[PDB]
Amino acid sequence: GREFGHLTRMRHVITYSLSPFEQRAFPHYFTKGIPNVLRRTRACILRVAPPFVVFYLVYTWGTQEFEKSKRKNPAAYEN
Amino acid sequence: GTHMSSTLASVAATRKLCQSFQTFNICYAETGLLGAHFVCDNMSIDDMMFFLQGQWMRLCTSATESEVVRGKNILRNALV
């Protein structure tokens, strides 16, 4: 059913590989990894962060508002 | 057929795993290619490879005298 041999039909695709004992496990890990991470972060920061920033603003206001509510009201004890 | 002395050949004949396979030793001045080449159906390659590799491992770990004598006779016949 789902086995290597009849999954799909592919033609004229040549793949070149290398032995894991002939290549480095961390090739250019920081020279190319760090720029790549920045690219990925930049592409997603404007789609992931903004919703969470709203939560932080709501969380701060709610915490402050709850504190203010418990605070003493001088006008209530006037007269 | 299935009575071939080579265990890989016997398995290939019995299970219909391979249309044709052959081991080769292509030597060059300072290097060479030592291995095998086979022609198989779509759904057989894996199995064939398995058995082929197993054969190699046997020779690396457990090779007996009778099969070595047979191989020596085969090599003598090929040379002559």
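Of all residues being among the β-branched types (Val, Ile, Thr) and loosely packed, with under 11 Cβ neighbours inside 10 Å in the range B:34-80, which is farthest from the other protein chains (Cβ to nearest Cβ)? Just the residue, please. Walk me through it before giving the result.
The first filter runs over the range B:34-80 and keeps only residues among the β-branched types (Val, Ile, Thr), leaving B:39, B:45, B:61, B:64, B:68-69, B:74, B:80.
Among the residues that remain, those that are also loosely packed, with under 11 Cβ neighbours inside 10 Å are: B:61, B:64, B:69, B:80.
Details: B:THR61: 21, B:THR64: 31, B:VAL69: 35, B:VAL80: 39 Å.
Across the range B:34-80, the extreme among qualifying residues is B:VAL80.
Could we say that B:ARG15 is among the charged types (D, E, K, R) and exposed (fewer than 13 other Cβ atoms within 10 Å of the Cβ) here?
Judged against the criteria, B:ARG15 is not a match.
Going through the range B:18-32 one residue at a time, which ones are more than 19 Å from B:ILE74 (Cα to Cα) and surrounded by 15 or more Cβ atoms within 10 Å (Cβ to Cβ)?
B:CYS18
Determine, yes or no, whether A:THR15 is within 14 Å of another protein chain (Cβ to nearest Cβ), over 30 Å from the mean Cα position of the chain (by Cα) and of a type in the set (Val, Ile, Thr).
no
Between A:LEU46, A:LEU38, A:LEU7, which is farther than 30 Å from B:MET43 by Cβ and surrounded by fewer than 10 Cβ atoms within 10 Å (Cβ to Cβ)?
A:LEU46
One line per residue, one yes/no per condition, for (1) closer than 30 Å to B:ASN42 by Cβ; (2) within 14 Å of chain B (Cβ to nearest Cβ):
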site: A:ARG2; (1), (2): yes, yes
site: A:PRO20; (1), (2): yes, no
site: A:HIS28; (1), (2): no, no
site: A:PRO50; (1), (2): no, no
site: A:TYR56; (1), (2): no, no
site: A:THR63; (1), (2): no, no
site: A:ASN73; (1), (2): no, no
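All Cβ positions, even for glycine, are placed from backbone atoms using ideal geometry, and neighbour counts span all protein chains on display. Readers should treat all values here as calculations from the given coordinates under stated rules, not as data from a laboratory.
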